[PDB]
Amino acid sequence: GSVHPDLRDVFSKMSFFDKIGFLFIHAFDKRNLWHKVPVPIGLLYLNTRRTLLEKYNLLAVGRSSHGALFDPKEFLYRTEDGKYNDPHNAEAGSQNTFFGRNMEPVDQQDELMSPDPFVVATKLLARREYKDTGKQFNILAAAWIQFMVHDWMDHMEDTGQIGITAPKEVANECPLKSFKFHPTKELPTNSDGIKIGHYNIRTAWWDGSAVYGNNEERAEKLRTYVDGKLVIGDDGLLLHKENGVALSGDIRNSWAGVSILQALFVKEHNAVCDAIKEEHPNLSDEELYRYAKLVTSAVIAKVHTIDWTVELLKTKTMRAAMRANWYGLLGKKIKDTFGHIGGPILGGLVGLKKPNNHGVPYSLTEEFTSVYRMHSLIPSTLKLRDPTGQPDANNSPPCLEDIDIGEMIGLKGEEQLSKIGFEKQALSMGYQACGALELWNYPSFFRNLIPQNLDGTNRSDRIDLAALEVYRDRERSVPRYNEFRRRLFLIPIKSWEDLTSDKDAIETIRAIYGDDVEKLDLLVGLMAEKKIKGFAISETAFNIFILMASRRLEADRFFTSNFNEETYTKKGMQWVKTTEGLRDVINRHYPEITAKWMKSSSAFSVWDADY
């Protein structure tokens, strides 16, 4: 028996060339070796795994043929709703389009409540001893990833409501004894393959929509209509409407941490507007907006790719891998001087002569949503520090007060932030570790949370988010943990002890799920899975990232065929090329806290990290 019994069927159907790739990665996987080898072999492994996933784990939802026809040269900018990127598909990546899938759906209609979402939430997710990431990853990094989800994906809801009630066995430990919510909207695909789909009400393109808006009706509200600029308050914080809702791109179900990143990137955009106007004085407001949006959205993609992900996956192999996606294996020096050389590996995904969607129209997917459910990253309390205080017993800015992060959330949080200010919020977030993605680390304020409508206003029905998330994965027919692994050519668990060596986790899991490893929910598995050294996430989630993070760059005209001076302006392109991370953005606008307190290379590391 060479191949794992559960992957023999798919192996036997593979082409000769896919068989070779499978056997290569599987040789490492059977011995858990890919991340224990030197960088060059690790990269070969990752590229081989990626190619396999691109072939087997991109599934269209909704008819792929047709699509409105247009001239790409009449759309050399990022449209407000994300349309007109893909020359062969004007709708691809735009607002209100189907989520794709990475795997065939698994119907769970008869087990939507098995085991009970409140039991799962209470016994497995609810924060006990707080666990953080040490120096590796800070609260800016937790905020960053939510800021990105607001740039990426949100499921259209059904107008009706349903409700669930905590069973007597755990009701006493539940902050809410029941709650209502809207089911995920189901739309018929009218297609041969998958029959039911869900809509993404955000643009799937990496287009800065968290700052710019998800369509034209939204985007117009945020612009000054002078020099291409966006509105911002004199304190350097977002403006607010009279109902308390923030004036930015996507402000739904947010907190203060996201609000400061949005405000920071408003200033980034406006500073790009200044720089470009300087080189091209006769540009209109509209032209300046378009160029600055291209630059700023590219800056965001870049920061996420070669800074955030690099600190999230803190290994030599992943630094090399992520930099290779952006700059190419030939490296930054060659890329910057001589442009893109060779194919996707040597020159990188960015600056490819043509976009490549690998035969399947661009979309974000149901499973991409699932693996990005990282609410346990939010700490329980924020230690506020003094930007001009005397350095304490360490060389840290001194602590002024602990504040409960539940007070920093939603409309109330916008009010609290208006009293704290940017520098204090940012510095304090920089100097504190975020939470680890482990069992028993889901914040209690999420279990008693006020959700918001599309317009940012509060809903009167609070939710238990831990419980809801477990419900959403089942509701949307995402395979449960073990099958999820199988579909990605990963070795499934046979017993609980294959998942984790923590005895209490094993015992708690057994009492809820029995010994049926097929019943284990995805979210529970992703949090519980024993982690690769340096990895803040599970290997399982990482596999979706391998595929989809590449896809977000490779499928986009504006990171590929139109990643050039003609589309971005010369100054615009130079701005992207000379920005390497969030540090560079924070330094541009807030050089004094950066000089005084940012000691780490990356602004995503706890700011006194020694590297």
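Each residue number is its position in the shown sequence, starting from 1.
On average the C-alpha atoms of 148-156 have higher B-factors than those of the other stretch, with 148-156 and 321-329 being the two compared. Per the PDB record, of the two stretches 427-435 and 513-521, 513-521 carries the greater mean B-factor over its C-alpha atoms. Highest CA B-factor among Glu469, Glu268, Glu367, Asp504, as stated in the entry: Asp504. In this entry, the residue among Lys83, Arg485, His304, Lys533 with the greatest C-alpha B factor is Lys83.
Among the modelled residues of its chain, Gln109 has a C-alpha B-factor that falls in the highest third according to the deposited record. Ranked within its chain, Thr457 lands in the middle third, by CA B factor from the PDB record.
Among the modelled residues of the chain, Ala121 sits in the middle third by CA temperature factor in this PDB entry. For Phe28, the recorded CA temperature factor ranks within the lowest third of the chain's modelled residues. When the CA B factors of the chain's modelled residues are split into thirds, the value for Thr309 lands in the lowest one.
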